[PDB]
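Raw upload_19.pdb, PDB, C-alpha atoms (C1' of nucleotides):
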```
ATOM      1  CA  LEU U   9       7.872 292.600-151.448
ATOM      2  CA  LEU U  10       4.693 290.718-152.469
ATOM      3  CA  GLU U  11       5.470 287.310-151.951
ATOM      4  CA  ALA U  12       5.115 288.504-148.276
ATOM      5  CA  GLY U  13       1.433 289.725-148.302
ATOM      6  CA  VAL U  14       2.203 293.549-147.765
ATOM      7  CA  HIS U  15      -0.165 294.763-150.672
ATOM      8  CA  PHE U  16      -3.197 293.147-148.900
ATOM      9  CA  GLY U  17      -5.120 295.692-146.831
ATOM     10  CA  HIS U  18      -8.324 295.454-144.796
ATOM     11  CA  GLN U  19     -11.841 295.236-146.236
ATOM     12  CA  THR U  20     -13.517 298.300-147.789
ATOM     13  CA  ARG U  21     -15.957 298.887-144.818
ATOM     14  CA  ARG U  22     -12.944 299.529-142.452
ATOM     15  CA  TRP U  23     -10.848 301.949-144.578
ATOM     16  CA  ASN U  24      -9.662 305.415-143.572
ATOM     17  CA  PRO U  25     -10.109 307.947-146.416
ATOM     18  CA  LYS U  26      -6.694 309.591-145.722
ATOM     19  CA  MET U  27      -5.106 306.307-146.901
ATOM     20  CA  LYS U  28      -6.657 306.936-150.386
ATOM     21  CA  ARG U  29      -3.314 308.430-151.526
ATOM     22  CA  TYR U  30      -1.630 305.055-150.762
ATOM     23  CA  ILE U  31      -4.350 302.736-152.212
ATOM     24  CA  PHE U  32      -4.365 301.192-155.719
ATOM     25  CA  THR U  33      -7.751 299.467-156.396
ATOM     26  CA  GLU U  34     -10.187 297.128-154.531
ATOM     27  CA  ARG U  35     -10.404 293.398-155.237
ATOM     28  CA  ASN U  36     -12.828 290.857-153.633
ATOM     29  CA  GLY U  37     -13.949 293.487-151.060
ATOM     30  CA  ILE U  38     -10.337 294.199-149.933
ATOM     31  CA  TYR U  39      -8.269 297.320-150.811
ATOM     32  CA  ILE U  40      -4.853 296.801-152.457
ATOM     33  CA  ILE U  41      -1.863 298.887-151.223
ATOM     34  CA  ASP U  42       0.260 300.505-153.950
ATOM     35  CA  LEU U  43       3.632 298.787-153.869
ATOM     36  CA  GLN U  44       5.428 301.546-155.866
ATOM     37  CA  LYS U  45       4.591 304.052-153.113
ATOM     38  CA  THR U  46       5.450 301.389-150.505
ATOM     39  CA  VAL U  47       9.021 300.850-151.704
ATOM     40  CA  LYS U  48       9.804 304.610-151.686
ATOM     41  CA  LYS U  49       8.032 304.880-148.269
ATOM     42  CA  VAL U  50      10.155 301.940-147.030
ATOM     43  CA  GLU U  51      13.270 303.585-148.477
ATOM     44  CA  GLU U  52      12.507 306.956-146.816
ATOM     45  CA  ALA U  53      11.937 305.077-143.487
ATOM     46  CA  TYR U  54      15.182 303.151-143.951
ATOM     47  CA  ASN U  55      17.262 306.308-144.416
ATOM     48  CA  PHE U  56      15.545 307.970-141.373
ATOM     49  CA  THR U  57      16.156 304.898-139.176
ATOM     50  CA  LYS U  58      19.734 304.684-140.545
ATOM     51  CA  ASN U  59      20.526 308.359-139.878
ATOM     52  CA  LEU U  60      18.931 308.225-136.442
ATOM     53  CA  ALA U  61      20.963 305.155-135.353
ATOM     54  CA  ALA U  62      24.278 306.693-136.564
ATOM     55  CA  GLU U  63      23.658 309.683-134.225
ATOM     56  CA  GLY U  64      23.509 307.084-131.363
ATOM     57  CA  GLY U  65      19.705 307.420-131.059
ATOM     58  CA  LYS U  66      17.598 304.684-129.434
ATOM     59  CA  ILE U  67      14.503 303.272-131.173
ATOM     60  CA  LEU U  68      11.762 301.416-129.367
ATOM     61  CA  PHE U  69       9.919 298.771-131.390
ATOM     62  CA  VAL U  70       6.268 298.407-130.383
ATOM     63  CA  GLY U  71       4.166 295.470-131.572
ATOM     64  CA  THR U  72       1.609 294.057-129.148
ATOM     65  CA  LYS U  73      -0.492 292.552-132.042
ATOM     66  CA  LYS U  74      -0.319 288.710-131.994
ATOM     67  CA  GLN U  75       1.276 288.750-135.512
ATOM     68  CA  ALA U  76       3.979 291.225-134.423
ATOM     69  CA  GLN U  77       4.901 289.985-130.904
ATOM     70  CA  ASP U  78       7.667 287.567-131.921
ATOM     71  CA  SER U  79       8.725 289.585-134.948
ATOM     72  CA  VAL U  80       9.325 292.740-132.888
ATOM     73  CA  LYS U  81      11.227 290.880-130.127
ATOM     74  CA  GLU U  82      13.623 288.909-132.368
ATOM     75  CA  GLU U  83      14.353 292.058-134.423
ATOM     76  CA  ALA U  84      14.774 294.368-131.407
ATOM     77  CA  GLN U  85      17.190 291.974-129.638
ATOM     78  CA  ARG U  86      19.131 291.375-132.882
ATOM     79  CA  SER U  87      19.337 295.179-133.293
ATOM     80  CA  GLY U  88      20.420 295.926-129.677
ATOM     81  CA  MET U  89      17.379 298.193-129.207
ATOM     82  CA  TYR U  90      14.386 298.240-126.866
ATOM     83  CA  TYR U  91      11.049 296.590-127.522
ATOM     84  CA  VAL U  92       7.577 296.403-126.066
ATOM     85  CA  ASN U  93       5.931 293.177-127.201
ATOM     86  CA  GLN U  94       3.219 292.238-124.681
ATOM     87  CA  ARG U  95       1.198 295.229-123.536
ATOM     88  CA  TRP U  96       1.999 298.970-123.817
ATOM     89  CA  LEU U  97       1.857 300.385-120.321
ATOM     90  CA  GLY U  98      -0.136 303.588-119.904
ATOM     91  CA  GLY U  99       2.472 306.246-119.250
ATOM     92  CA  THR U 100       5.426 304.185-120.580
ATOM     93  CA  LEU U 101       6.999 307.439-121.916
ATOM     94  CA  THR U 102       5.037 310.377-120.444
ATOM     95  CA  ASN U 103       5.278 308.876-116.940
ATOM     96  CA  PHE U 104       8.695 307.415-117.609
ATOM     97  CA  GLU U 105       9.863 308.106-114.049
ATOM     98  CA  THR U 106       7.267 305.775-112.492
ATOM     99  CA  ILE U 107       8.192 302.980-114.922
ATOM    100  CA  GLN U 108      11.947 303.581-114.263
ATOM    101  CA  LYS U 109      11.043 302.924-110.579
ATOM    102  CA  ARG U 110       9.849 299.448-111.515
ATOM    103  CA  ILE U 111      12.798 298.825-113.822
ATOM    104  CA  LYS U 112      14.965 299.509-110.788
ATOM    105  CA  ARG U 113      12.768 297.198-108.644
ATOM    106  CA  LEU U 114      12.790 294.364-111.270
ATOM    107  CA  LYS U 115      16.598 294.676-111.406
ATOM    108  CA  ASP U 116      16.600 294.749-107.569
ATOM    109  CA  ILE U 117      14.595 291.486-107.400
ATOM    110  CA  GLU U 118      17.136 289.893-109.812
ATOM    111  CA  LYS U 119      19.985 290.866-107.439
ATOM    112  CA  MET U 120      18.030 289.243-104.561
ATOM    113  CA  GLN U 121      17.863 285.982-106.627
ATOM    114  CA  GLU U 122      21.637 286.258-107.485
ATOM    115  CA  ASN U 123      22.897 286.791-103.874
ATOM    116  CA  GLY U 124      20.821 283.926-102.333
ATOM    117  CA  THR U 125      18.668 286.335-100.281
ATOM    118  CA  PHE U 126      15.733 284.144-101.520
ATOM    119  CA  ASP U 127      16.897 281.307 -99.163
ATOM    120  CA  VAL U 128      16.666 283.429 -95.921
ATOM    121  CA  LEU U 129      13.038 284.785 -95.997
ATOM    122  CA  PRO U 130      10.815 282.192 -97.738
ATOM    123  CA  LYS U 131       8.151 280.436 -98.248
ATOM    124  CA  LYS U 132       5.755 283.479 -98.363
ATOM    125  CA  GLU U 133       8.201 286.070 -99.748
ATOM    126  CA  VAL U 134       9.610 283.858-102.476
ATOM    127  CA  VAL U 135       6.254 283.004-103.996
ATOM    128  CA  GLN U 136       5.358 286.732-104.152
ATOM    129  CA  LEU U 137       8.883 287.880-105.336
ATOM    130  CA  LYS U 138       9.114 285.347-108.151
ATOM    131  CA  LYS U 139       5.496 286.348-108.981
ATOM    132  CA  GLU U 140       6.524 290.013-108.959
ATOM    133  CA  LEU U 141       9.597 289.231-111.062
ATOM    134  CA  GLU U 142       7.764 287.001-113.568
ATOM    135  CA  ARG U 143       5.154 289.727-114.015
ATOM    136  CA  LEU U 144       7.733 292.603-114.246
ATOM    137  CA  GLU U 145      10.123 290.924-116.726
ATOM    138  CA  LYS U 146       7.086 290.016-118.893
ATOM    139  CA  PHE U 147       6.029 293.651-119.344
ATOM    140  CA  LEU U 148       9.336 295.498-118.842
ATOM    141  CA  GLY U 149      11.920 293.014-120.185
ATOM    142  CA  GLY U 150      12.298 294.847-123.512
ATOM    143  CA  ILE U 151      12.890 298.297-122.020
ATOM    144  CA  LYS U 152      15.050 296.951-119.227
ATOM    145  CA  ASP U 153      18.248 298.787-120.189
ATOM    146  CA  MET U 154      16.704 302.081-121.538
ATOM    147  CA  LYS U 155      17.998 304.822-119.209
ATOM    148  CA  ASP U 156      16.591 307.764-121.164
ATOM    149  CA  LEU U 157      13.544 308.130-123.449
ATOM    150  CA  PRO U 158      13.856 306.748-127.027
ATOM    151  CA  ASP U 159      14.538 309.194-129.869
ATOM    152  CA  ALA U 160      11.874 307.398-132.058
ATOM    153  CA  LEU U 161       9.214 304.640-132.000
ATOM    154  CA  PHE U 162       8.783 302.001-134.630
ATOM    155  CA  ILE U 163       5.074 301.168-134.433
ATOM    156  CA  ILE U 164       3.027 298.376-136.054
ATOM    157  CA  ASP U 165      -0.740 298.982-136.425
ATOM    158  CA  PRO U 166      -1.227 302.442-134.850
ATOM    159  CA  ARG U 167      -4.976 301.840-134.483
ATOM    160  CA  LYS U 168      -4.325 299.063-131.932
ATOM    161  CA  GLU U 169      -1.324 300.907-130.373
ATOM    162  CA  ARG U 170      -3.149 304.288-130.168
ATOM    163  CA  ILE U 171      -1.760 304.807-126.648
ATOM    164  CA  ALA U 172       1.853 304.494-127.768
ATOM    165  CA  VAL U 173       1.221 306.938-130.612
ATOM    166  CA  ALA U 174      -0.743 309.371-128.377
ATOM    167  CA  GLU U 175       2.185 309.316-125.944
ATOM    168  CA  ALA U 176       4.932 309.735-128.518
ATOM    169  CA  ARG U 177       3.254 312.749-130.142
ATOM    170  CA  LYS U 178       2.896 314.352-126.651
ATOM    171  CA  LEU U 179       6.661 314.218-126.325
ATOM    172  CA  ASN U 180       7.267 315.199-129.997
ATOM    173  CA  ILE U 181       8.870 311.744-130.367
ATOM    174  CA  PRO U 182       9.110 310.772-134.077
ATOM    175  CA  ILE U 183       7.272 307.571-134.882
ATOM    176  CA  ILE U 184       7.806 305.082-137.732
ATOM    177  CA  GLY U 185       4.609 303.267-138.535
ATOM    178  CA  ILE U 186       3.380 300.352-140.625
ATOM    179  CA  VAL U 187      -0.073 301.625-141.607
ATOM    180  CA  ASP U 188      -2.722 299.393-143.120
ATOM    181  CA  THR U 189      -5.688 301.040-144.889
ATOM    182  CA  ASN U 190      -7.678 301.284-141.627
ATOM    183  CA  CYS U 191      -5.005 303.524-139.986
ATOM    184  CA  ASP U 192      -4.702 307.308-139.983
ATOM    185  CA  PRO U 193      -1.425 308.383-141.681
ATOM    186  CA  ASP U 194      -1.341 311.987-140.343
ATOM    187  CA  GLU U 195      -0.579 310.805-136.758
ATOM    188  CA  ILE U 196       2.714 309.327-137.965
ATOM    189  CA  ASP U 197       5.907 311.118-139.098
ATOM    190  CA  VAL U 198       7.287 308.365-141.350
ATOM    191  CA  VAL U 199       4.593 306.104-142.781
ATOM    192  CA  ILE U 200       5.003 302.633-144.295
ATOM    193  CA  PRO U 201       1.734 301.766-146.170
ATOM    194  CA  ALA U 202       1.595 298.030-145.719
ATOM    195  CA  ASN U 203      -0.078 294.984-144.270
ATOM    196  CA  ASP U 204       0.215 294.711-140.494
ATOM    197  CA  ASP U 205      -2.014 291.491-140.375
ATOM    198  CA  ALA U 206       0.311 288.978-142.187
ATOM    199  CA  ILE U 207       3.272 287.605-140.257
ATOM    200  CA  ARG U 208       5.711 287.524-143.228
ATOM    201  CA  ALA U 209       4.843 291.176-144.019
ATOM    202  CA  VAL U 210       5.601 292.490-140.542
ATOM    203  CA  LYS U 211       8.665 290.216-140.260
ATOM    204  CA  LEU U 212       9.941 291.529-143.541
ATOM    205  CA  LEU U 213       9.405 295.210-142.710
ATOM    206  CA  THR U 214      10.754 295.144-139.132
ATOM    207  CA  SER U 215      13.814 293.221-140.319
ATOM    208  CA  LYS U 216      14.653 295.886-142.924
ATOM    209  CA  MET U 217      14.614 298.530-140.110
ATOM    210  CA  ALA U 218      16.695 296.238-137.864
ATOM    211  CA  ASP U 219      19.124 295.932-140.752
ATOM    212  CA  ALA U 220      19.018 299.756-140.997
ATOM    213  CA  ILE U 221      20.156 300.049-137.438
ATOM    214  CA  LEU U 222      22.844 297.360-137.818
ATOM    215  CA  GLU U 223      24.350 299.021-140.962
ATOM    216  CA  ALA U 224      24.662 302.365-139.095
ATOM    217  CA  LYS U 225      26.567 300.746-136.174
ATOM    218  CA  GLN U 226      29.060 299.220-138.658
TER     219      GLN U 226
ATOM    220  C1'   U Q   1     -18.659 322.724 -64.634
ATOM    221  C1'   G Q   2     -13.913 319.194 -64.777
ATOM    222  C1'   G Q   3     -13.472 314.080 -64.651
ATOM    223  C1'   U Q   4     -15.631 309.518 -64.966
ATOM    224  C1'   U Q   5     -20.015 306.903 -66.295
ATOM    225  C1'   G Q   6     -23.631 304.686 -69.281
ATOM    226  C1'   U Q   7     -25.421 305.267 -74.447
ATOM    227  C1'   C Q   8     -24.975 303.552 -82.301
ATOM    228  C1'   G Q   9     -18.387 300.611 -80.961
ATOM    229  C1'   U Q  10     -17.798 297.178 -86.870
ATOM    230  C1'   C Q  11     -21.740 296.524 -88.514
ATOM    231  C1'   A Q  12     -19.635 298.867 -94.339
ATOM    232  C1'   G Q  13     -13.018 301.086 -96.673
ATOM    233  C1'   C Q  14      -9.713 304.855 -97.755
ATOM    234  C1'   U Q  15      -5.334 304.527-101.750
ATOM    235  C1'   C Q  16       1.426 304.923-104.519
ATOM    236  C1'   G Q  17       2.935 309.196-107.353
ATOM    237  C1'   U Q  18       3.037 310.883-111.553
ATOM    238  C1'   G Q  19       0.723 310.000-115.841
ATOM    239  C1'   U Q  20      -4.306 309.961-118.512
ATOM    240  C1'   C Q  21      -9.759 312.156-119.610
ATOM    241  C1'   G Q  22     -12.955 317.017-119.506
ATOM    242  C1'   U Q  23     -13.122 324.341-120.676
ATOM    243  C1'   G Q  24     -14.734 322.856-115.741
ATOM    244  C1'   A Q  25     -16.889 320.583-111.307
ATOM    245  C1'   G Q  26     -14.896 315.650-111.564
ATOM    246  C1'   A Q  27     -13.599 310.699-113.841
ATOM    247  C1'   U Q  28      -9.406 307.011-114.062
ATOM    248  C1'   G Q  29      -6.120 303.472-111.481
ATOM    249  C1'   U Q  30      -9.595 302.762-106.792
ATOM    250  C1'   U Q  31     -16.438 300.865-113.430
ATOM    251  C1'   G Q  32     -14.571 295.008-116.147
ATOM    252  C1'   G Q  33     -13.689 288.616-115.534
ATOM    253  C1'   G Q  34     -13.688 285.014-112.450
ATOM    254  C1'   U Q  35     -12.616 284.084-106.338
ATOM    255  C1'   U Q  36     -12.967 284.593-100.813
ATOM    256  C1'   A Q  37     -15.326 284.981 -94.546
ATOM    257  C1'   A Q  38     -13.481 289.538 -96.443
ATOM    258  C1'   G Q  39     -12.583 296.228 -97.198
ATOM    259  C1'   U Q  40      -9.536 288.958-100.343
ATOM    260  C1'   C Q  41      -6.853 287.387-104.615
ATOM    261  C1'   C Q  42      -5.539 286.459-109.597
ATOM    262  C1'   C Q  43      -6.833 288.089-114.745
ATOM    263  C1'   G Q  44      -7.777 292.164-116.342
ATOM    264  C1'   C Q  45      -7.715 297.469-118.340
ATOM    265  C1'   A Q  46      -5.053 305.060-119.429
ATOM    266  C1'   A Q  47      -3.533 303.758-116.070
ATOM    267  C1'   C Q  48       0.299 301.121-114.610
ATOM    268  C1'   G Q  49       3.853 296.134-108.680
ATOM    269  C1'   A Q  50       1.848 297.257-105.310
ATOM    270  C1'   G Q  51       0.107 301.022-100.872
ATOM    271  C1'   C Q  52      -2.704 303.236 -95.733
ATOM    272  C1'   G Q  53      -7.273 301.175 -92.620
ATOM    273  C1'   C Q  54      -7.941 295.710 -91.903
ATOM    274  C1'   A Q  55      -4.617 292.644 -89.862
ATOM    275  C1'   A Q  56      -0.572 292.800 -86.940
ATOM    276  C1'   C Q  57       1.945 295.082 -83.020
ATOM    277  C1'   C Q  58       0.493 293.152 -76.537
ATOM    278  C1'   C Q  59      -0.852 289.062 -73.416
ATOM    279  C1'   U Q  60      -2.358 283.668 -73.125
ATOM    280  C1'   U Q  61      -3.000 278.573 -74.648
ATOM    281  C1'   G Q  62      -1.513 274.211 -78.417
ATOM    282  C1'   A Q  63       4.174 271.169 -80.466
ATOM    283  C1'   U Q  64       9.158 271.056 -80.042
ATOM    284  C1'   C Q  65      14.510 272.803 -79.547
ATOM    285  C1'   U Q  66      18.400 275.455 -76.740
ATOM    286  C1'   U Q  67      19.783 277.085 -71.937
ATOM    287  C1'   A Q  68      18.856 276.557 -66.570
ATOM    288  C1'   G Q  69      18.711 272.361 -63.074
ATOM    289  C1'   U Q  70      16.960 274.186 -57.152
ATOM    290  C1'   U Q  71      13.480 274.714 -53.122
ATOM    291  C1'   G Q  72      11.304 271.476 -58.684
ATOM    292  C1'   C Q  73      12.217 265.972 -61.047
ATOM    293  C1'   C Q  74      13.732 260.168 -59.938
ATOM    294  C1'   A Q  75      14.102 256.707 -65.354
ATOM    295  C1'   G Q  76      18.271 254.224 -63.884
ATOM    296  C1'   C Q  77      21.347 253.091 -58.485
ATOM    297  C1'   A Q  78      21.116 253.195 -52.173
ATOM    298  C1'   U Q  79      17.163 253.806 -49.400
ATOM    299  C1'   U Q  80      12.219 253.526 -46.676
ATOM    300  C1'   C Q  81       6.520 255.003 -43.722
ATOM    301  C1'   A Q  82       8.080 258.270 -47.283
TER     302        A Q  82
END
```
Would you mind writing the file's structure down as structure tokens?
Amino acid sequence: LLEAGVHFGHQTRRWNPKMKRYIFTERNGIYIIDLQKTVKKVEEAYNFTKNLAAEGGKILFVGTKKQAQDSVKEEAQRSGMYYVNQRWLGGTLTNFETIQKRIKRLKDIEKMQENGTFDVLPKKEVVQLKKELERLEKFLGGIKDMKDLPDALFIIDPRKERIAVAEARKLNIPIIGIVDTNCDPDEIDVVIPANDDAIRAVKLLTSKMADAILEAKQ
RNA sequence: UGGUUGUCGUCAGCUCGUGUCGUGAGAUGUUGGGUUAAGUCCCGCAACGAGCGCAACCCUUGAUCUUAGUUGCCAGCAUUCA
């Protein structure tokens, strides 16, 4: 674990008191996360992600934070599961039907590029249907092949991704969440008390879940 | 009284559904950052590509192609006052 920077939390002025149960001491005006609770909390997560994948359940990684974007993506694609990496769209889950309508439309613009329909209309169309595609793939490229709602979310930094959390709860979707000290643990079903700010930390902890999907599929 | 006249005729916006926010009336998107002649456009953002009015749809003029060459046209030939 801590070669990767997981133990390091946020400062003391931005704690949440519910994270007291997961904190072991403050040093240079930063809380330290208790690695002996982490490991067990990572192990409990790992079994819950393993069991869920073996039932054929679909997990949606969600890391819009600059230090999760690439991590999430690489680990979602490796794991053959959905991601959101760029911006969580209001009503991604609750309003899933109206997103589905743009996943159709994105896939419909691709088929227009693949049949050479883009050579018949132009110049005006093509500008605005690349521009629509570029924009749609950006935001919806991770969830492109998700036909039905995910059976759980893997979140990173719930306090940034509040909307994703808020949504998941409203559909009783289980969530799996890297919480730093700042973050409320009670929102989340399976909690991983850890750094979300350090790239190695996230990359480590996502990868172990990805692994946990891959080992179920075997 | 009908109808038809004059007379305030453009002059400024209304939104996609569901989702979201409030006990509720409502608010959001359709408060922000630039931009345009603009009711424009991009970037936004618990709202998400983009919608109706606008414009266009009608008619006319500006270039050129295809078809049609007669009663139109004559460059190239015969002509003659033409």
Inset, instruction - Measure the distance from atom CA of residue 70 of chain U to atom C1' of residue 33 of chain Q in Å and round it to one decimal. - result: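 Spanning atom CA of residue 70 of chain U to atom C1' of residue 33 of chain Q is a straight-line distance of 26.7 Å.
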Legend entry - segment 32-47 of chain U surroundings by only C-alpha atoms (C1' of nucleotides), 7 Å radius, close-in-sequence under 4 positions cut, as a PyMOL selection string: chain U and resi 15-20+51+200-202
I'd like the residues picked by the PyMOL selection byres ((chain U and resi 93-95) around 7) written out as a JSON list (two decimals) with C-alpha atoms, in the frame of the given file, using the chain letters and numbers from the file.
```
[["chain", "number", "residue", "atom", "x", "y", "z"],
["U", 70, "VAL", "CA", 6.27, 298.41, -130.38],
["U", 71, "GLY", "CA", 4.17, 295.47, -131.57],
["U", 72, "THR", "CA", 1.61, 294.06, -129.15],
["U", 77, "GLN", "CA", 4.90, 289.98, -130.90],
["U", 80, "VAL", "CA", 9.32, 292.74, -132.89],
["U", 81, "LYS", "CA", 11.23, 290.88, -130.13],
["U", 91, "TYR", "CA", 11.05, 296.59, -127.52],
["U", 92, "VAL", "CA", 7.58, 296.40, -126.07],
["U", 96, "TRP", "CA", 2.00, 298.97, -123.82],
["U", 97, "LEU", "CA", 1.86, 300.38, -120.32],
["U", 147, "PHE", "CA", 6.03, 293.65, -119.34]]
```
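With the cut-off set to 6 Å and only C-alpha atoms (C1' of nucleotides) counted, chain U residues close to chain Q are residues 97, 98, 99 and 103 of chain U.
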Could you turn the residues from that selection into a file that holds C-alpha atoms, as a compact mmCIF listing (two decimals), in the coordinates of the input?
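The new file again.txt reads:
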```
# COMPACT_ATOMS: atom_id res chain seq x y z
CA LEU U 97 1.86 300.38 -120.32
CA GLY U 98 -0.14 303.59 -119.90
CA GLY U 99 2.47 306.25 -119.25
CA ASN U 103 5.28 308.88 -116.94
```
Inset, instruction - For a cut-off of 10 Å around (16.5, 304.3, -118.7), file coordinates, pick out all residues using all atoms listed in the file and list them as a count of residues only. - result: 15
Name all residues at most 10 Å from residue 143 of chain U (count all atoms listed in the file; drop same-chain ones fewer than 6 positions away) and give them as a PDB file with C-alpha atoms (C1' of nucleotides), keeping the file's coordinate frame.
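The resulting out25.pdb:
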```pdb
ATOM      1  CA  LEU U 114      12.790 294.364-111.270  1.00  0.00           C
ATOM      2  CA  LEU U 137       8.883 287.880-105.336  1.00  0.00           C
ATOM      3  CA  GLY U 149      11.920 293.014-120.185  1.00  0.00           C
TER       4      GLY U 149
ATOM      5  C1'   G Q  49       3.853 296.134-108.680  1.00  0.00           C
TER       6        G Q  49
END
```
Legend entry - atom CA of residue 117 of chain U to atom CA of residue 148 of chain U, distance in Å rounded to a single decimal: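 Spanning atom CA of residue 117 of chain U to atom CA of residue 148 of chain U is a straight-line distance of 13.2 Å.
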Inset, instruction - Using atom CA of residue 189 of chain U and atom CA of residue 172 of chain U as the two end points, give the distance in Å to one decimal. - result: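 Those two atoms sit 19.0 Å apart.
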Inset, instruction - Show which residues sit within 12 Å of residue 32 of chain Q, as a list in words. Count all atoms listed in the file, and ignore same-chain residues fewer than 2 positions away. - result: residues 34, 43, 44 and 45 of chain Q
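The smallest atom-to-atom distance between residue 78 of chain U and any of U:199, U:224, U:210, U:218, using only C-alpha atoms, is found for U:210.
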Write out as an mmCIF file with C-alpha atoms, in the frame of the given file which residues come within 9 Å of residue 222 of chain U when counting all atoms listed in the file, dropping same-chain ones fewer than 6 positions away.
```cif
data_model
loop_
_atom_site.group_PDB
_atom_site.id
_atom_site.type_symbol
_atom_site.label_atom_id
_atom_site.label_comp_id
_atom_site.auth_asym_id
_atom_site.auth_seq_id
_atom_site.Cartn_x
_atom_site.Cartn_y
_atom_site.Cartn_z
ATOM 1 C CA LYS U 58 19.734 304.684 -140.545
ATOM 2 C CA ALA U 61 20.963 305.155 -135.353
ATOM 3 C CA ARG U 86 19.131 291.375 -132.882
ATOM 4 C CA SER U 87 19.337 295.179 -133.293
ATOM 5 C CA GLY U 88 20.420 295.926 -129.677
#
```
Inset, instruction - Show which residues sit within 9 Å of residue 214 of chain U, as a PyMOL selection string. Count all atoms listed in the file, and ignore same-chain residues fewer than 5 positions away. - result: chain U and resi 69+79-80+83-84+162+164+209+219
Output as an mmCIF file, in the coordinates of the input: segment 150-163 of chain U, completed with N, CA and C atoms.
```cif
data_model
loop_
_atom_site.group_PDB
_atom_site.id
_atom_site.type_symbol
_atom_site.label_atom_id
_atom_site.label_comp_id
_atom_site.auth_asym_id
_atom_site.auth_seq_id
_atom_site.Cartn_x
_atom_site.Cartn_y
_atom_site.Cartn_z
ATOM 1 N N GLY U 150 11.767 294.233 -122.311
ATOM 2 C CA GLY U 150 12.298 294.847 -123.512
ATOM 3 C C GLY U 150 12.940 296.205 -123.268
ATOM 4 N N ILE U 151 12.388 296.961 -122.310
ATOM 5 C CA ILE U 151 12.890 298.297 -122.020
ATOM 6 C C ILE U 151 13.833 298.287 -120.821
ATOM 7 N N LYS U 152 14.466 297.148 -120.536
ATOM 8 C CA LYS U 152 15.050 296.951 -119.227
ATOM 9 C C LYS U 152 16.231 297.902 -119.106
ATOM 10 N N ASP U 153 16.958 298.106 -120.220
ATOM 11 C CA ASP U 153 18.248 298.787 -120.189
ATOM 12 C C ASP U 153 18.164 300.214 -120.770
ATOM 13 N N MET U 154 16.941 300.732 -121.022
ATOM 14 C CA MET U 154 16.704 302.081 -121.538
ATOM 15 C C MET U 154 16.701 303.097 -120.389
ATOM 16 N N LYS U 155 17.774 303.887 -120.305
ATOM 17 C CA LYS U 155 17.998 304.822 -119.209
ATOM 18 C C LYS U 155 17.293 306.147 -119.460
ATOM 19 N N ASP U 156 17.210 306.524 -120.745
ATOM 20 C CA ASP U 156 16.591 307.764 -121.164
ATOM 21 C C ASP U 156 15.599 307.413 -122.266
ATOM 22 N N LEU U 157 14.611 308.313 -122.470
ATOM 23 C CA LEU U 157 13.544 308.130 -123.449
ATOM 24 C C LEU U 157 14.136 307.795 -124.819
ATOM 25 N N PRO U 158 13.414 307.016 -125.654
ATOM 26 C CA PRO U 158 13.856 306.748 -127.027
ATOM 27 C C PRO U 158 13.781 308.007 -127.893
ATOM 28 N N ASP U 159 14.593 308.075 -128.947
ATOM 29 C CA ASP U 159 14.538 309.194 -129.869
ATOM 30 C C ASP U 159 13.515 308.938 -130.981
ATOM 31 N N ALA U 160 13.026 307.688 -131.189
ATOM 32 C CA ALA U 160 11.874 307.398 -132.058
ATOM 33 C C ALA U 160 11.190 306.076 -131.714
ATOM 34 N N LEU U 161 9.903 305.930 -132.068
ATOM 35 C CA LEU U 161 9.214 304.640 -132.000
ATOM 36 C C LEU U 161 9.022 304.069 -133.391
ATOM 37 N N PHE U 162 9.212 302.758 -133.482
ATOM 38 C CA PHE U 162 8.783 302.001 -134.630
ATOM 39 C C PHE U 162 7.511 301.247 -134.254
ATOM 40 N N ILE U 163 6.370 301.712 -134.785
ATOM 41 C CA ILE U 163 5.074 301.168 -134.433
ATOM 42 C C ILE U 163 4.636 300.244 -135.565
#
```
